[PDB]
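Residue numbers (the authors' numbering), protein chains in the order written: chain A, 944 to 1140; chain B, 696 to 827, 847 to 1140; chain C, 548 to 620, 641 to 676, 689 to 745.
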Amino acid sequence: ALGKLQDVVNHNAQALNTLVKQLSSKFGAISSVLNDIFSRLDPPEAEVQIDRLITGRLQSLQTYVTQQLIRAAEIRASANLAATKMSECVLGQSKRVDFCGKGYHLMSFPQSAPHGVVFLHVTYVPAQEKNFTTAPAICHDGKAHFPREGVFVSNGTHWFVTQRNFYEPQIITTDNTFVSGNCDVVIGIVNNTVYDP
Amino acid sequence: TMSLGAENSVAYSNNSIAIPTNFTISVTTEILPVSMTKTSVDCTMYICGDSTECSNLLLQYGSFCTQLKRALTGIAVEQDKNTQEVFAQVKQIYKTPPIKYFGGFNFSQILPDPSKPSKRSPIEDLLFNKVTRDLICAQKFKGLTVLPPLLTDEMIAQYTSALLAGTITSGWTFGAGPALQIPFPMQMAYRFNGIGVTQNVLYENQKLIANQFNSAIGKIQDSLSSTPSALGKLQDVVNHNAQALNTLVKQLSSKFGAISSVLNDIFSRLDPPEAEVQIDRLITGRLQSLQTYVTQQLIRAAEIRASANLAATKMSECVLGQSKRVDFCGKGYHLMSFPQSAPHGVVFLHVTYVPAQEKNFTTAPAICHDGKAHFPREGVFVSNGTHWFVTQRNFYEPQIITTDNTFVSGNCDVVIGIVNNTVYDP
Amino acid sequence: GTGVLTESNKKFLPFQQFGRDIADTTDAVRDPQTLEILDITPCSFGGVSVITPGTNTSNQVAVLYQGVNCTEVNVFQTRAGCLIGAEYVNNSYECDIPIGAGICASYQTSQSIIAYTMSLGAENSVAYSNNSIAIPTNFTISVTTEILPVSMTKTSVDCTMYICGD
Ligand SMILES: *[C@@H]1O[C@H](CO)[C@@H](O)[C@H](O)[C@H]1NC(C)=O
Ligand SMILES: *[C@@H]1O[C@H](CO)[C@@H](O)[C@H](O)[C@H]1NC(C)=O
Ligand SMILES: *[C@@H]1O[C@H](CO)[C@@H](O)[C@H](O)[C@H]1NC(C)=O
Ligand SMILES: *[C@@H]1O[C@H](CO)[C@@H](O)[C@H](O)[C@H]1NC(C)=O
Ligand SMILES: *[C@@H]1O[C@H](CO)[C@@H](O)[C@H](O)[C@H]1NC(C)=O
Ligand SMILES: *[C@@H]1O[C@H](CO)[C@@H](O)[C@H](O)[C@H]1NC(C)=O
Ligand SMILES: *[C@@H]1O[C@H](CO)[C@@H](O)[C@H](O)[C@H]1NC(C)=O
Ligand SMILES: *[C@@H]1O[C@H](CO)[C@@H](O)[C@H](O)[C@H]1NC(C)=O
Ligand SMILES: *[C@@H]1O[C@H](CO)[C@@H](O)[C@H](O)[C@H]1NC(C)=O
Ligand SMILES: *[C@@H]1O[C@H](CO)[C@@H](O)[C@H](O)[C@H]1NC(C)=O
Ligand SMILES: *[C@@H]1O[C@H](CO)[C@@H](O)[C@H](O)[C@H]1NC(C)=O
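In structure tokens:
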């Protein structure tokens, strides 16, 4: 589960272990021990054999720094995303899908972690859906009535208006339905009766 | 001297407002690399060419024959995760219904075609045709090979067909939770409602918006083809890899201080103690050339991962839901997005609401009636010269000022620029 | 050097003995004692990829060759190479070990390393009608988790002790 927090640890361990093992590899020299080269040789030749190791170790140390620069950019990218997900998910309710958890984002709780952070996204996932008959508008006296906030549903016999994310029927009234034009242009309009308080 | 565009001068007054009277649905394209070409090198073929003594001296060096392969392996897995985090944002593979009548829209170029034996949409046919001893075999005989991707073009095609069969038949309810069916005419009415416009514009102009949409998809088929360089950012990632692999096979014939570049000639003219001196010049040099390739591939994978993560965001915020981020999902008021597969990338077809045919009016912050101010609840107070009406902000719709769209908060002595009128009450 | 010696269909002019490629490597040569033209091609090579469920369940392993058509090494030939050690089953499941080209291997049931085509999930056709909307009746509050790294371990090397040790 905390696999992407151990990957940065394993990469750093692998980097700190691939750099020390090269201290026992003859980079074209007679031996890896510096004392053996300085002892069992003469000054002019020793300055040639010690030159093949001082160069093969500078390339290894430079390889470590280059790899630590490309890897830090990956960490900086994950750090900017974590900072963004601690302000859009924690410091407020985001409306970006899949950004703060899968589903409708409600809230999030940040928790510390070794060399990282763990978000707990509380999401809103609907369930137990059904099947209803819908309609764009409803003609009552000649003009079309569109849902102000909701969707027109029908249970086979009657017509109601419910929310778009939770079933809650209410009688159709003139307080949640606005009129716009006549019943001649809307394709799929049904005939019903709107209530007036 | 390059011009920065035309010099337009937008008029600015105290009582002037420009409300558009029409709309122009435009479908743009967006190209983004989501993958690369997984490569694998061999230490005992690039450094040592068919030589047995060279393999002995290569083991005498450090660990530069397993950290390079492990680094290229991490790239390969990374290029297999980018295509698994973007085209696999849905668990279920939704399918299109047999009857294809979505209110009047013609989803015939983005939906897969059963006739051709490849299960690709008409738009996804010119994308795979423009983005394309030979060189592919010459590099193989030098130790440089190419690994086949995990997800084939067939699996990516049906992956883009599940994100396109739920966006049209379920809307944005198939990325959050359970896929909820909804008629498409009622889907373009809740997407037209998240841009300020009301839903009484679509139901009164459905045939017009259906013709503009069909006329905008038919141009994408021609735009991508007619354009000299349209799928160029998908070819730059291919040319960069077709250049680093060619700049690496050309360093096997460049001596770095030896008598020649052929390893089979240094051992046939020199005994074995001067050879070891001249072979470390054709091994250490070739090790740095192979290391420079891996170093540039890591920087290359860092640019593809950024575009891959950006593609995952534009396929979960433009396709799995309507976004309110300007310039993010196209150019304009975002309405829909259809993912189109492509070689080592994806093509986003953003549908943007673009207002047009704007006309000037006379605006006012609030109106005064019965000794109290009236502010617009949702809209703007415009005037045609003699009468005052309340209209929307993204579309013109003259409506009388009733006591159902104005709230009274304050008096007519605090707002600067308050006109006088008669607030009708029902 | 090593390699396979086969006849060539080239048109070597009678003043050219050797022959190179786009990598400046001998791809052809003229035999002096017969005056012919051979096509020097490198002997068969490739890669080895061992598939292992782990040394916690069993010791059975599958050998995946790269670049072979099962004729230059239960045998299976995929687009990546010859997979020797696994059988290709028909019913598809979720991927367990990525082999390539849409093929994965798992240690399922007897216990042997089976091979199958990747399954991108189940199929769920959404009934689309002209007036049919699905409104949810209940809610299910869920809590997920996202493990994002923030920082890495800081390091500092001695450039006078690592290179020269005492
Ligand atoms: C529809 O709902 C109304 C009000 O609850 C009820 O009286 C009627 O019987 C329902 N019809 C069906 C078939 O469910
Ligand atoms: C609906 O009303 C229209 C206009 O009055 C009328 O033409 C039509 O017959 C009505 N349909 C039904 C089903 O009542
Ligand atoms: C708005 O009114 C102020 C004060 O009369 C005036 O100075 C300003 O120029 C006006 N702006 C325009 C261009 O209508
Ligand atoms: C809006 O633009 C379309 C396309 O140009 C045109 O067919 C239609 O007549 C225009 N409608 C208005 C309100 O002018
Ligand atoms: C959709 O467009 C294609 C290509 O122009 C055409 O062949 C087809 O008849 C159109 N379908 C509909 C229903 O308009
Ligand atoms: C302004 O609108 C009113 C009501 O529609 C109309 O009677 C009047 O003639 C219009 N005047 C102009 C100048 O358009
Ligand atoms: C509105 O009416 C008041 C009271 O008659 C008057 O003082 C004010 O100047 C009027 N304003 C306008 C815009 O005519
Ligand atoms: C010797 O070489 C010449 C030139 O290739 C060839 O014509 C001749 O047949 C060869 N003779 C033998 C003994 O192989
Ligand atoms: C392997 O050989 C068969 C011979 O029929 C051929 O059809 C197939 O394409 C070859 N595959 C590869 C990987 O070359
Ligand atoms: C919707 O109406 C059209 C035109 O009558 C028809 O072709 C289509 O099959 C209908 N769809 C369904 C399943 O209601
Ligand atoms: C909603 O789901 C919860 C958890 O399964 C259950 O306890 C509750 O009774 C359900 N309520 C409805 C409206 O069915």
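All C-beta atoms in this analysis are idealised placements derived from N, C-alpha and C, irrespective of residue type, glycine included.
Asked	Found
Should B/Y1138 be labelled buried (16 or more other beta-carbon atoms within 10 Å of its own) or exposed?	exposed
Answer yes or no: do B/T716 and B/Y1110 have a C-beta to C-beta separation smaller than 9 Å?	yes
Alpha carbon to alpha carbon, how far is A/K1045 from C/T723?	8 Å
Quick check on DSSP: helix, strand or coil for B/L858?	coil
In angstroms, rounded to a whole number, what distance separates the CA positions of A/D1118 and A/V1104?	12 Å
Does the stretch 737–750 of chain B come within contact of the stretch 972–987 of chain B, defined as at least 3 CB pairs closer than 8 Å?	yes
Could you check the C-alpha separation between B/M731 and B/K947 for me, to the nearest Å?	12 Å
Pull out every residue of the stretch 895–919 of chain B whose Cβ sits closer than 9 Å to any Cβ of chain A, in chain order.	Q895, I896, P897, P899, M900, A903, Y904, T912, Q913, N914, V915, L916, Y917, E918 and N919
Does any CB atom of chain B fall closer than 9 Å to the CB of C/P728?	no
So that I know if they touch, is there some Cβ in chain C lying closer than 9 Å to that of A/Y1138?	no
Check whether the Cβ of A/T1066 lies closer than 8 Å to any heavy atom of ligand 11, and answer yes or no.	no
In angstroms with no decimal places, state the Cα-to-Cα distance between B/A944 and B/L938.	6 Å
Does DSSP classify A/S1123 as helix, strand or coil?	strand
Determine the closest residue to A/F1062 out of C/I726, C/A694, C/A653 and C/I714, with distance taken between C-alpha atoms.	C/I726
State the Cα-Cα distance for the pair B/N801 and B/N928, rounded to the nearest angstrom.	6 Å
Mark A/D950 as exposed unless 16 or more other C-beta atoms lie within 10 angstroms of its C-beta, in which case mark it buried.	exposed
Residues in the stretch 865–883 of chain B with C-beta within 9 Å of chain C's C-beta atoms, listed in sequence order?	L865, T866, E868, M869, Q872, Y873, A876, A879, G880, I882 and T883
From which residue to which residue does the beta strand (DSSP E) around B/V1068 run?	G1059 to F1075
Please say whether A/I1130 and B/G798 have beta carbons closer to each other than 9 Å?	yes
Determine, using beta carbons only, whether B/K856 and B/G999 come nearer to each other than 9 Å.	no
Just to check, is the beta-carbon of A/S1097 closer than 8 Å to a non-hydrogen atom of ligand 10?	no
Quick one: measure Cβ to Cβ for B/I1081 and C/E702, integer angstroms, because I've assumed they're closer than 8 Å.	Not confirmed; about 58 Å, so no contact.
Based on Cα-Cα distance, which residue from B/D820, B/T768 and B/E1092 lies nearest to B/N1108?	B/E1092
Between B/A766 and the rest of its own chain, which residues show a CB-CB distance below 6 Å, the 5 nearest in sequence each way excluded?	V1008
Under a three-way DSSP split, which group does B/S746 fall into?	coil
DSSP on C/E661, reduced to helix/strand/coil?	coil
Any beta-carbon of chain B closer than 9 Å to the one on A/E1072?	yes
Between which two residues does the beta strand (DSSP E) carrying C/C738 extend?	No beta strand (DSSP E) contains C/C738, which DSSP labels as neither H nor E.
Taking the alpha-carbon of B/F1121 as reference, which of B/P1090, B/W1102 and B/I1114 has the nearest alpha-carbon?	B/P1090
Can you tell me where the alpha helix (DSSP H) with B/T961 in it begins and where it stops?	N960 to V963
So that I know if they touch, is there some Cβ in chain C lying closer than 9 Å to that of B/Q1054?	no
Is it true that the stretch 1050–1059 of chain A meets the stretch 708–715 of chain C, where meeting means three or more beta-carbon pairs spaced less than 8 Å apart?	no
Taking the straight line between their C-alpha atoms, what separation do you get for B/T827 and B/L1034?	30 Å
Give me the subset of the stretch 696–709 of chain C whose CB atoms are less than 8 Å from a CB atom of chain B, sorted by chain position.	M697, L699, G700, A701, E702, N703, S704, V705, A706, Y707, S708 and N709
Check for me: the alpha helix (DSSP H) holding B/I818 runs from which residue to which?	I818 to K825
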